[PDB]
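> Experimental coordinates for this protein are included below, preceded by the sequence.
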Amino acid sequence: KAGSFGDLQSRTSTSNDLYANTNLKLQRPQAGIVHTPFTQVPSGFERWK
Amino acid sequence: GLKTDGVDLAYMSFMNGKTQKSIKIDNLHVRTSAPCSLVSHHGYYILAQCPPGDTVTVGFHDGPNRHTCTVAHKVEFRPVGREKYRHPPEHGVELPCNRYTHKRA
Amino acid sequence: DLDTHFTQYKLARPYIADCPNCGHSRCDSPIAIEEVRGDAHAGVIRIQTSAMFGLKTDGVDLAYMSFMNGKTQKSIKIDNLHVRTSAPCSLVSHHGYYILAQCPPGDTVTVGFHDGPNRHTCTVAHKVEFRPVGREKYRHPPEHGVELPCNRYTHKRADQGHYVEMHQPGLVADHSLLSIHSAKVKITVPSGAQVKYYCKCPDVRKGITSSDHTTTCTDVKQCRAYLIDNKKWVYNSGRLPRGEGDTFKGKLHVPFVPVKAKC
Amino acid sequence: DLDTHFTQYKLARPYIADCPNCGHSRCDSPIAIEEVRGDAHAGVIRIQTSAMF
Amino acid sequence: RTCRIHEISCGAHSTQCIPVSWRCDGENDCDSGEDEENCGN
Amino acid sequence: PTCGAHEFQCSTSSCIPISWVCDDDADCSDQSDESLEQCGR
Amino acid sequence: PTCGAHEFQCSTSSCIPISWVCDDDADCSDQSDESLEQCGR
Amino acid sequence: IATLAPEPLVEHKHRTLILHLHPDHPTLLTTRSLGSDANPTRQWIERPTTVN
Amino acid sequence: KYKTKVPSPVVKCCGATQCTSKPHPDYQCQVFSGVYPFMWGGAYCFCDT
Ligand SMILES: [Ca+2]
Ligand SMILES: [Ca+2]
Ligand SMILES: [Ca+2]
C-alpha cells in the first residue's frame, strides 16, 4: 500500500527479485537546467519505526 | 561601495573618531543563528539571506579589530503557498511572492 | 596500502553540476551535494559531492583535493573545507566523492572550500535529525552511559561489498573555444579534444573535427560547440547529460559503508 | 595591582586530562571542559578548563 | 538534384544535397522527414 | 590459529585482510599492521 | 516596440531606463546594455 | 518556488472517498461540496493520516 | 528503506526520443519536449523551442 509496511518487499536480503510501489512520479525540469526531479511518498518502513 | 575618492564595490568607509577611515571589505559577516550569505551592499544598506532567529548581528574587520553590533530583532521564515517548508526547494511550483530587489536603483 | 582503495578512484575525474543556492542564485558549482545520507544513530552523516578528495594528478595525498574550473582539472591543498548544518560540524574523513561528518540537527547541508580568494559554496535542503539510541531522548552523546548496539557509518575506507558505477562522460558544451579568425569563426581544439560542432548559418554543417577546421560562416552565435574527453570517467549523476552510444558499467566502491557498533 | 591577583597562580600549571569529542574519538587534550556554570540571568556563563590564560 | 556520386539528395522538394553518412542520426536536418527513415536495423 | 590466505593475522587470534595493511589505520589492537617490520617507514 | 525617450530597448520588447545601462548588472537576457561595444570597455 | 506534496492514495466506496495522505511538511487540505451548501472543511496535516 | 537511483538523462535536443520498458521495480519513463537547457559555458544546443 506504498506507505505502511510493504513499500519494499524482498524474499531474502541478497535476493534479486524486488517488489516496489512507492508512487514514483516524474516531474518536468524547469527554467533550462539538466536535472531529474521526482515526487514519491516516503518509506513506510521508516514510518513503521 | 565608497572609498572617499570615487566608487568601488570592494571598498567601505567608516569613522573612528573624527577621521573618516576607508578600508577594503575583507570579512563582512552577517549572522542570525547561522552565518547568512549576503547578496549586495549599497551605501547604508546590506541585503542578506538569513535563517530564522532572534538576533541580527553584522561586523567587519578593520585591522586586527572586530567591530561587532548585535541587535535583538525576531526574524522568521515565510513560505509561499499551502505547505510550510523550512528551506526553498530545488523543484516544485512557481508561485508569486514579494522579495527585496537585487538591483540598486 | 592507500593505492589498493585508490586504484579505481584514479580512473575518474571531478565534474561541474547544478547546485541550488550555490551563492544566492543557483549557479553551477565545482562541488555539488548529491545524496546525503542521514540515518545513523549518533548524528553522523555521509555526504557525496562532485569534487575529489585525497587524490592529486600523480599519486595520492590525504591533504590535497582536486576540482574543475572549466575543462582544466585543478588540484589545490585542502585548507578550510567546512561542513555545517546549523552549527559547524566536525568532519571525520574524506575519500573520493564522499565526505563524512558528525552534524547537529537542522534543515540545510552546506559545504565549501577556499582556494585563493574564492568561496565555492553549495547548500542543499535536507532534513537531518539526531537519532538517540534506546529509551531516552538525549540531545548529545554523553560522557558515561550504558552501551547499546547502534548502527553507524564506519571510519575506514575499504571495498566492503558495496559498489557504485562510473560512466564515460557525455558531450560537454564549451563556448570559449569558438572565436572569429578574421571574419569567419575558427575552432580551437586542444590536445586531442575531438571537438564537435553544429552550424545552422545557411543550413546544417555538422561534423566532428580533431584540429583547426576554420568554419566558413560568419557569427559565433549561430554555431554550437562541444568537447569529447574520454580519458577519465564520471559517476552517472542525474544532473549530467548521458553519452550517445552504449556506456560501460563501471564499478566503484563506497568507502564509508554502514556497520554495527556500540553507542 | 594586577600582580596581586596572580600570586598563587604562578605556582600552578596546565595539565592534560581527557574530554570527549575533540574530533570524533574522545581525545586527551590540553583543553578539558570541567564544571560549566550557567546560573546567571543573561546567558553569561563561566567555563573552567585545564589551560592557563 | 544531379549531385556528385558520393552524396544523396534529400526531400526532393527544394533539391538540397547531403552526404550519405547522415542516416537515422536522430536530427531533423531537411524540411521533409525522409532522412530519418529507412535506416539499418 | 590460522586464518585464510587473504587475511593478515596480527596477534590474539584477530586477523584483517591483506588489503588493510600498511594504510595508516589501526585495524588491530596491537598496531602490527603499521609497524616498522612491514611498512618499513 | 518603440519605447520612450528615457527607456533603452535591449531586444524583442524589453525596455529598461537609461540609468540601467552600463552599470555592472545584466538586466536583459540579450546582455546588450553591458556588451563590449555598447559599454565601450 | 514552493514545494509539492506527494500524491494521495484514493480509495472509493459507496458515497465515500477515502484519502491516505503521507506528507513531509505540514500541509493544508480544504474540501467543499458543489451543492446548495458547500459544508467546508479545513485542516493542517502534519502526520500520515486517513480521512473519509 | 529504499533508495531511488536516477540514471543520467539523454539530451537528443533536435528531434525526439522514446524508451522501451526495462524490467526494473517501479520503473518510470517520460519525455519532456522543448526544454532548452543551460549548462556551464553556454546553452547546450542550438535548436530552440
Ligand atoms: Ca540525418
Ligand atoms: Ca591498517
Ligand atoms: Ca544594467
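Received, thanks. Numbers count the residues shown, from 1 in each chain, chains lettered A, B, ... in the order given. Ligands and ions are numbered 1, 2, ... in the order given.
> what's the closest non-adjacent residue to the closest residue to ligand 2 within chain H?
As assessed by CB to the ion, ligand 2 sits closest to residue H:24 within chain H, at 41.7 Å. (C-beta placed from N, C-alpha, C; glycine too.) Distances taken as CB to CB, 6 or more residues apart in numbering or on different chains place residue A:42 nearest to residue H:24, at 6.2 Å, with adjacent residues excluded.
> Pull the contacting residues for residue B:86.
B:77, B:79, C:107, C:125, C:127, H:25 (CB atoms under 8 Å, 6 or more residues apart in numbering or on different chains).
> Name the helix or strand for residue 15, please.
No chain in the question, so chain A it is. Here residue A:15 is covered by no helix or strand, with elements defined by DSSP states H and E.
> That was the other one, I meant chain F.
strand F:14-17.
> In terms of secondary structure, what does that strand contact?
strand F:7-11 (3 or more CB pairs under 8 Å, 6 or more residues apart in numbering or on different chains; DSSP states H and E).
> Run me through the strand neighbours of the strand it packs on, direction for each.
Using DSSP bridges, strand F:7-11 pairs in its sheet with strand F:14-17 (antiparallel).
> So what touches the partner strand?
F:3, F:6-10, F:27-29, F:33.
> at 10 Å instead, please
C:4, C:158-159, F:1-4, F:6-10, F:25, F:27-30, F:32-33 (CB atoms under 10 Å, 6 or more residues apart in numbering or on different chains).
> Could you give me the buried positions within stretch B:25-45?
B:30-32, B:34, B:36-38, B:40-41 (16 or more other CB atoms under 10 Å in any protein chain shown).
> Take these and keep only those in helices.
Of the buried residues of stretch B:25-45, none are assigned to helices by DSSP state H.
> Just the ones in strands from the residues you listed, please.
The strands, defined by DSSP state E, take in B:30-31, B:37-38, B:40-41 from these.
> Identify the farthest-apart pair in the residues you listed.
Using CB to CB, the pair of those lying farthest apart is B:31 and B:40, separated by 17.5 Å.
> still on that earlier bit, buried ones among the contacts of strand F:14-17?
Counted by 16+ other CB under 10 Å, the contacts of strand F:14-17 give C:4, C:158-159, F:8, F:10, F:25, F:27-28, F:32-33 as buried.
> what about the strands in chain E?
Here chain E has its strands, by DSSP E, at E:7-10, E:16-19.
> Touching, the residue of chain H closest to ligand 2 and residue A:46? I think so.
No. With contact defined as CB atoms under 10 Å, residue H:24 does not count as touching residue A:46 (11.2 Å).
> re the thing from before, so which of the contacts of residue B:86 is the closest to residue A:20?
residue C:127 (22.9 Å).
> Once you drop chain neighbours, what's closest to whatever residue of chain I ends up closest to chain G?
In chain I, the residue that lies nearest chain G is residue I:38 (10.8 Å; CB to the nearest CB). Excluding the flanking residues, the one nearest residue I:38 by CB to CB, 6+ apart is residue A:32, at 4.5 Å.
> how many neighbours does residue A:37 have?
Each residue near residue A:37 was counted by other CB atoms under 10 Å in any protein chain shown, and the total is 16.
> who touches it in this structure?
A:26-30, B:89-92, C:238, H:4, I:6.
> ok, residue H:13 - how many residues close by?
Neighbours of residue H:13 under the rule other CB under 10 Å: 8.
> looking at it, it is touching residue H:19, isn't it?
No. Contact criterion CB under 10 Å: residue H:13 and residue H:19 do not qualify, at 11.6 Å.
> circling back: ok, of the contacts of residue B:86, which one's closest to residue H:43?
Nearest member of the contacts of residue B:86 to residue H:43, counting by CB to CB, is residue H:25, at 14.5 Å.
> Who are the contact partners of residue 3?
Since no chain was named, I'll use chain A. A:21-23, A:41-44, A:47-48, H:6, H:8-9, H:20-22, H:48.
> ah, I was thinking of chain I
Listed by CB under 10 Å, 6+ apart, the contact partners of residue I:3 are A:8, A:43, C:35, C:37.
> And the residue of chain F closest to chain E?
residue F:19 (45.1 Å).
> Can you show me the strands along chain H?
H:9-13, H:16-21, H:27-31, H:41-45, H:49-51.
> ok, and does the fourth one reach over to chain C?
Spelled out, that is strand H:41-45. No. Judged by CB under 10 Å from any CB of the partner chain, strand H:41-45 stays clear of chain C, getting no closer than 17.0 Å.
> quick one, what contacts the residue of chain B found nearest chain G?
Across chain B, no residue is closer to chain G than residue B:103, which sits at 5.9 Å (CB to the nearest CB). Going by CB under 10 Å, 6+ apart, residue B:103 touches B:40, B:42, G:20, G:23, G:25, G:27.
> Show me the beta-bridge partners of residue B:23.
residue B:12.
> unless I'm mixing things up, it is touching residue B:63, no?
Yes. Residue B:23 is in contact with residue B:63 according to CB under 10 Å; the separation is 8.2 Å.
> Go through the strand holding residue F:15 and flag the buried ones.
Buried residues in strand F:14-17, counting neighbours by 16+ other CB under 10 Å, are found at F:15-16.
> Any chance you could give me that strand in PDB, C-alpha atoms only?
The C-alpha trace of strand F:14-17 is given here as PDB (Å, rounded to 0.1, in the frame of the first residue of the first chain):
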ATOM      1  CA  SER F  14      42.100 -11.500  15.200                       C
ATOM      2  CA  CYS F  15      43.000 -11.200  11.500                       C
ATOM      3  CA  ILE F  16      42.500  -8.400   9.000                       C
ATOM      4  CA  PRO F  17      42.700  -8.700   5.200                       C
END
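> how about it, does it get close to ligand 2?
No. For strand F:14-17, no contact with ligand 2 is found by CB under 5 Å from the ion; the gap never falls below 6.7 Å.
> Now do that strand: distance to the chain's middle.
Distance of strand F:14-17 from the chain centroid (CA atoms, centre = their mean, to the nearest Å) equals 6 Å.
> Between residue H:24 and residue A:46, tell me which one has more neighbours.
The neighbour count for residue H:24 versus residue A:46, taken as other CB under 10 Å, is higher for residue H:24 (14 against 11).
> Could I get the contacting residues of that one?
Counting by CB under 10 Å, 6+ apart, residue H:24 has contacts A:41-42, B:83, B:85, C:127, H:3, H:5-6, H:48.
> Residue B:79 now?
By CB under 10 Å, 6+ apart, the neighbours of residue B:79 are B:85-88, B:95, B:97, H:2-3, H:25-26.
> Disregarding residues adjacent in the polypeptide, which is nearest to the closest residue to chain G within chain E?
Nearest to chain G, among the residues of chain E, is residue E:28, at 25.1 Å (CB to the nearest CB). Distances taken as CB to CB, 6+ apart place residue I:15 nearest to residue E:28, at 5.4 Å, with adjacent residues excluded.
> Now the one you found: which helix or strand?
Using DSSP H and E, residue I:15 falls outside every helix and strand.
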